[PDB]
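Trainee: Before I ask anything, let me first share the structure, which is written out below as structure tokens.
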Amino acid sequence: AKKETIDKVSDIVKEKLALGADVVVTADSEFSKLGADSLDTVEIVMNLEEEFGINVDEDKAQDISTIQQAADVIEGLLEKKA
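Note that the sequence shown covers residues 106 to 187 in the numbering used here.
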């Protein structure tokens with residue numbers, strides 16, 4: 106995944122709780138980590154799919170790894186965006 110995409114995705118997560126000011130951003134920073142799976146993925150997938158303006162499915166945005174894999178995924182969806 107291109108750094109441009111990695112930085113973008115990592116941003117969508119920060120906006121969730123207003124971050125990116127005094128916090129360190131990493132592509133390995135697993136966004137999904139909850140023993141109860143309380144985290145709202147629908148909100149995340151929507152942000153990325155919206156900003157990037159792509160067409161991703163929940164099944165494709167449910168088992169996505171850290172930002173590393175996330176960025177790579179969106180990349181392919183940005184190739185044809187169909």
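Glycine included, C-beta positions come from ideal geometry on N, C-alpha and C.
Starting from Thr110, trace the alpha helix (DSSP H) in both directions and tell me its first and last residue.
Mentor: By 1-based counting over the sequence shown, the position of residue 110 is 5. Counting along the chain, the alpha helix (DSSP H) containing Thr110 begins and ends at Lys108 to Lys121.
Trainee: Looking at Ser115 and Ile172, is the spacing between their C-beta atoms short of 8 Å?
Mentor: Start at 1 with the first residue of the sequence shown, and residue 172 comes out as number 67. Start at 1 with the first residue of the sequence shown, and residue 115 comes out as number 10. Cβ atoms of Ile172 and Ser115: closer than 8 Å.
Trainee: Compare the C-alpha of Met151 against each of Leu139, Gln167 and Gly140 and name the closest.
Mentor: Counting from one through the sequence shown, the residue named residue 151 turns up at place 46. For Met151, the nearest C-alpha among the options comes from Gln167.
Trainee: Helix, strand or coil, according to DSSP, for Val129 in the structure here?
Mentor: Walking along the sequence shown from the start, residue 129 turns up at place 24. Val129 falls in the coil class under three-state DSSP.
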